[PDB]
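> Any chance you could fold what I've pasted below:
(2 chains)
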Protein chains: 2
Amino acid sequence: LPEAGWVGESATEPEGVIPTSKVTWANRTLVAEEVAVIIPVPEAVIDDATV
Amino acid sequence: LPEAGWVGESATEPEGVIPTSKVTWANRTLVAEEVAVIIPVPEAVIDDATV
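Numbers count the residues shown, from 1 in each chain, chains lettered A, B, ... in the order given. The structure is reproduced below:
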(Lines give C-alpha, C1' and ligand atoms only; values in the text may rest on other atoms or scores of the structure.)
Protein backbone atom coordinates (compact mmCIF):
# COMPACT_ATOMS: atom_id res chain seq x y z
CA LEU A 1 0.00 0.00 0.00
CA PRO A 2 1.17 3.61 -0.62
CA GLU A 3 1.50 6.19 2.17
CA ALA A 4 0.55 9.89 1.80
CA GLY A 5 1.45 12.99 3.86
CA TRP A 6 0.31 16.47 4.92
CA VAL A 7 1.97 19.29 2.90
CA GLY A 8 2.55 22.97 3.80
CA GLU A 9 2.17 25.87 1.37
CA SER A 10 5.89 26.59 0.76
CA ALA A 11 8.23 27.07 -2.22
CA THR A 12 11.39 26.88 -0.01
CA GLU A 13 10.90 24.55 3.02
CA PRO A 14 11.07 20.68 2.90
CA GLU A 15 7.48 20.42 4.27
CA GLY A 16 6.26 22.05 1.00
CA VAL A 17 7.11 18.86 -1.00
CA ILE A 18 4.51 16.15 -1.81
CA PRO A 19 5.86 12.62 -0.98
CA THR A 20 6.35 10.05 -3.76
CA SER A 21 5.23 6.47 -2.96
CA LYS A 22 4.69 3.13 -4.76
CA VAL A 23 1.89 0.54 -4.95
CA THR A 24 2.71 -3.11 -5.80
CA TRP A 25 0.87 -6.31 -6.75
CA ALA A 26 1.61 -10.06 -6.68
CA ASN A 27 0.00 -13.01 -8.53
CA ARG A 28 -2.29 -15.92 -7.53
CA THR A 29 -3.59 -18.64 -9.91
CA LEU A 30 -6.70 -20.70 -10.45
CA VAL A 31 -5.53 -24.02 -12.02
CA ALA A 32 -8.34 -26.30 -13.19
CA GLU A 33 -8.15 -29.98 -12.21
CA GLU A 34 -10.52 -32.80 -13.19
CA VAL A 35 -12.67 -34.85 -10.78
CA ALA A 36 -14.67 -37.72 -12.27
CA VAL A 37 -16.41 -41.12 -11.85
CA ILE A 38 -17.72 -43.89 -14.18
CA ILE A 39 -20.89 -45.79 -13.18
CA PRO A 40 -21.44 -48.93 -15.39
CA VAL A 41 -24.89 -50.61 -15.55
CA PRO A 42 -26.64 -53.19 -17.84
CA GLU A 43 -28.51 -51.66 -20.80
CA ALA A 44 -31.46 -53.91 -19.87
CA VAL A 45 -31.53 -52.33 -16.36
CA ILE A 46 -31.61 -48.84 -17.95
CA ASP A 47 -34.32 -49.83 -20.48
CA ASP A 48 -36.50 -51.52 -17.80
CA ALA A 49 -36.56 -48.58 -15.35
CA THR A 50 -39.58 -46.18 -15.30
CA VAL A 51 -37.96 -43.80 -12.78
CA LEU B 1 -24.57 -70.08 -40.19
CA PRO B 2 -24.04 -67.87 -37.08
CA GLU B 3 -24.98 -69.39 -33.68
CA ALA B 4 -26.73 -67.45 -30.88
CA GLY B 5 -27.04 -67.74 -27.05
CA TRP B 6 -28.98 -66.68 -23.94
CA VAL B 7 -26.54 -64.04 -22.42
CA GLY B 8 -27.14 -63.72 -18.59
CA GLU B 9 -26.33 -60.25 -16.98
CA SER B 10 -23.00 -60.22 -14.95
CA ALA B 11 -20.35 -57.49 -15.32
CA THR B 12 -17.80 -60.06 -13.94
CA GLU B 13 -18.86 -63.69 -14.59
CA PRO B 14 -18.45 -65.41 -18.03
CA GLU B 15 -22.22 -66.16 -18.27
CA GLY B 16 -22.69 -62.37 -18.85
CA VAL B 17 -20.67 -62.21 -22.14
CA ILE B 18 -22.40 -62.23 -25.57
CA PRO B 19 -20.88 -65.10 -27.65
CA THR B 20 -18.99 -64.32 -30.86
CA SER B 21 -19.97 -65.96 -34.18
CA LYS B 22 -19.17 -66.22 -37.86
CA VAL B 23 -21.05 -66.36 -41.19
CA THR B 24 -18.98 -67.90 -44.05
CA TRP B 25 -19.20 -68.51 -47.81
CA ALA B 26 -17.62 -70.97 -50.26
CA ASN B 27 -16.95 -71.16 -54.02
CA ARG B 28 -18.63 -73.60 -56.46
CA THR B 29 -17.32 -73.56 -60.09
CA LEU B 30 -18.50 -74.36 -63.60
CA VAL B 31 -15.35 -75.56 -65.49
CA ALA B 32 -15.95 -76.16 -69.21
CA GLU B 33 -14.50 -79.46 -70.47
CA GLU B 34 -14.56 -80.81 -74.02
CA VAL B 35 -16.34 -83.91 -75.34
CA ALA B 36 -15.46 -84.90 -78.91
CA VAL B 37 -15.25 -87.64 -81.58
CA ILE B 38 -13.78 -88.07 -85.11
CA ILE B 39 -15.55 -90.52 -87.49
CA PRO B 40 -13.49 -91.34 -90.67
CA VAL B 41 -14.91 -92.89 -93.91
CA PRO B 42 -13.64 -93.56 -97.50
CA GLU B 43 -14.63 -90.88 -100.04
CA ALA B 44 -15.75 -93.69 -102.43
CA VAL B 45 -18.13 -95.26 -99.84
CA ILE B 46 -19.95 -91.91 -99.52
CA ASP B 47 -20.22 -91.78 -103.35
CA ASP B 48 -21.52 -95.38 -103.73
CA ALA B 49 -24.05 -95.35 -100.83
CA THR B 50 -27.78 -94.68 -101.55
CA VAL B 51 -28.14 -92.38 -98.46
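> For chain A, just list every one of the helices.
A:43-48 (DSSP state H).
> tally of neighbours for the residue of it found nearest chain B?
Residue nearest to chain B within chain A: residue A:42 (5.4 Å; C-beta to the nearest C-beta). Any C-beta I mention is one placed from the backbone N, CA and C, and that applies to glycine too. Residues lying near residue A:42 (other C-beta atoms under 10 Å in any protein chain shown) number 13.
> could you measure it against residue A:12, distance?
As judged by C-beta to C-beta, to the nearest Å, residue A:42 and residue A:12 stand 93 Å apart.
> likewise residue A:43?
Relative to residue A:12, and taking C-beta to C-beta, residue A:43 is found at 92 Å.
> tell me the centre residue of chain A?
residue A:28 (6.3 Å; C-alpha atoms, centre = their mean).
> quick one, phi/psi of that one?
Main-chain torsions, residue A:28, degrees, to the nearest 10: phi -130, psi 160.
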